[PDB]
Amino acid sequence: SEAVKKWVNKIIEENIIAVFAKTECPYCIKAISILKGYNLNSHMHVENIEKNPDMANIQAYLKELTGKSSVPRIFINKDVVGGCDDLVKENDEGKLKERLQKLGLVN
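Residue numbers for the sequence shown follow full-length UniProt numbering, so the first one is 5 and each next one is one higher.
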């Protein structure tokens, strides 16, 4: 499906911080909260891909893009961050703040 791929791409392209999530997903909630803590709300989009008729197609495309089909799946300026554990590693080791600084998102 070119349609599914185009839709996912539009989400990743239009929004500097793009998070694909699902309903009642503790690590999605954790990842999103960490990102919102950097006041990134204005440049964040969260898509619940479980509430979508094409969830499997979306997860498969996310796996083609990132290596995993699980949510959360996180992109920053089209770069793959990965899941919540990846985000926590980057955050703890200073990499996340580095990304955000290069994007003018944090001073």
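Ideal Cβ placement from N, Cα and C applies to all residues, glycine included.
For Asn52, the beta-bridge partners assigned by DSSP are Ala25. The closest CA to that of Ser37, considering only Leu66, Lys82, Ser5 and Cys88, is found on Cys88. Rounded to the nearest whole angstrom, the C-alpha separation of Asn19 and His49 is 6 Å.
Spatial neighbours of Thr27 in its own chain (CB-CB distance under 8 Å, excluding positions within 5 residues in sequence) are listed in chain order as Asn52, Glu54 and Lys55.
Taking a C-beta distance under 9 Å as the contact criterion, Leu39 and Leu91 qualify as a contact pair.
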